[PDB]
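Okay, here we've got a single chain as structure tokens, the form deposited in one PDB entry, with questions on binding and movement later.
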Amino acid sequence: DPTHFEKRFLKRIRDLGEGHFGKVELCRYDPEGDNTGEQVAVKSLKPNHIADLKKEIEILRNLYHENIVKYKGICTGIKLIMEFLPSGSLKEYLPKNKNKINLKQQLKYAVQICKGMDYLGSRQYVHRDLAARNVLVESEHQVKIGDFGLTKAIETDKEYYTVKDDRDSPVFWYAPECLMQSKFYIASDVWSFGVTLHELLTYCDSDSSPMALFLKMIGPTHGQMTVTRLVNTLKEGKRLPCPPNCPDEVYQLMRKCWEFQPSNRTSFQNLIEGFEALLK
């Protein structure tokens, strides 16, 4: 079985990244024992979260798209084995490559994120975690959606999935329905995409991050009152400002991701056409 990675041959090299419950490591699968084996990215949990990882593995095993990270297999306790992309995420790549990545490349990356996301939605799934940290860089010409840790299936003939465990949520990327009722629609991922586009256009600058910008708008002195204050700001019609050097035509497309009601938001296909017209 080419998708079965034996524990004895999966050699840990170094850490790539870490979250609250999981971590990704660079390993080499070396059955020959001479360091000629293929490098792979391995996701595992820190010592039920085990059940969630098993559902995440089965989602990725069945996704096939040029802008979705490639599933390679499993190591059985279970580890998810995937292709290794040495450039890492946009969050680490963009601050180090501003000279190479111009506006034309930023908009092509935006089209690619939209294509991967439209494919996920056609498979009846809602991501719930679309942010620059979850987009990997294949090359200066290609990006891939690189994590599916919070992904849920939407029931047939239903418009949304309700999440009970909303602990450690990326609130500054969440649409009003997610914050107010814990409801996740395909239109909620469109809202998240608008915030990821803002990150891409600022080259993931820490000082102008969505969290930093919203906290200036609401006040960084609230604590447990932060989310209510965020909801009030959005209900008032306030939104993230236009990124520096971002043309108005691009900002207007970003604004279409942030219509208050999910049913009024632009689709991923409408965004692709919008960006393709600006690229011509």
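Each form is matched to the other, and the largest set of C-alpha atoms that superpose within 1.5 Å is called the rigid core. Note that residue numbering begins at 1 and tracks the sequence as displayed.
Exercise for the section: Check whether residue 48 goes without coordinates in at least a third of the other compared PDB entries of this protein that model residues on both sides of it. Expected result: Counting only entries that model residues on both sides, residue 48 is unresolved in at least a third of them.
Exercise for the section: If the chain runs straight from residue 47 to residue 48, say none; otherwise bin the unmodelled deposited residues as 1 to 3, 4 to 9, or 10 or more. Expected result: Per the deposited record, the segment joining residue 47 and residue 48 lacks coordinates for 4 to 9 residues.
Practice task
Might you work out how many residues are unmodelled in the deposited sequence between residue 76 and residue 77, and answer none, 1 to 3, 4 to 9, or 10 or more?
Solution key: Per the record, 4 to 9 deposited residues are absent between residue 76 and residue 77.
Handout entry: Segment of higher mean CA temperature factor, 263-271 or 18-26
Key = Mean B over CA atoms: larger for 18-26.
Problem - 176-184 set against 107-115, stretch whose average Cα temperature factor tops the other in the entry - result: The deposited B-factors put 176-184 ahead on the C-alpha mean.
Exercise for the section: Among the candidates 169, 142, 134, 87, give the one with the maximum CA B-factor reported in the record. Expected result: The record points to 169.
Practice task
Return the residue from 57, 218, 246, 254 that has the highest Cα B-factor in the entry.
Solution key: That would be 218.
Handout entry: Third of the chain, ranked by Cα B-factor, where residue 83 sits
Key = Lowest third, going by the recorded CA B-factors of the chain.
Exercise for the section: Classify residue 165 as lowest, middle or highest third according to the C-alpha B-factor given in the PDB entry, relative to its own chain. Expected result: Highest third - that is where residue 165 ends up once the chain's C-alpha B-factors are sorted.
Practice task
Compare the C-alpha B factor of residue 61 with those of the other modelled residues in its chain, then answer lowest, middle or highest third.
Solution key: Answer is lowest: the recorded C-alpha B-factor places it there.
Exercise for the section: Divide the modelled residues of the chain into thirds by Cα B-factor and specify which third, lowest, middle or highest, holds residue 67. Expected result: CA B-factor rank for residue 67: lowest third.
Practice task
Give the position of residue 234 by CA B-factor within its chain, expressed as the lowest, middle or highest third.
Solution key: Within its chain, residue 234 is a middle-third residue by C-alpha B-factor, going by the deposited values.
FYI, the form deposited in another entry isn't displayed, but the following is about it.
Practice task
Spell out whether the Cα of residue 241 moves at least 2 Å between the shown form and the other one when the two forms are superposed on their rigid core.
Solution key: Residue 241 C-alpha, core-superposed: shift of less than 2 Å.
Handout entry: Displaced residue check between the shown form and the other one: residue 166, CA, 2 Å or over, core reference
Key = Yes; that C-alpha moves by at least 2 Å between the shown form and the other one.
Problem - Yes/no, residue 221 Cα shift of 2 Å or more between the shown form and the other one with rigid core fixed - result: The answer is yes; the displacement is at least 2 Å.
Exercise for the section: Please say whether the CA atoms of residue 240 and residue 166 come closer or move farther apart in the other form, knowing the change relative to this form is 3 Å or more. Expected result: Compared with this form, residue 240 and residue 166 lie farther apart in the other form.
Exercise for the section: Answer with closer or farther for the CA-CA spacing of residue 20 and residue 130 in the other form compared to the shown form; it moves by 3 Å or more. Expected result: Result: closer.
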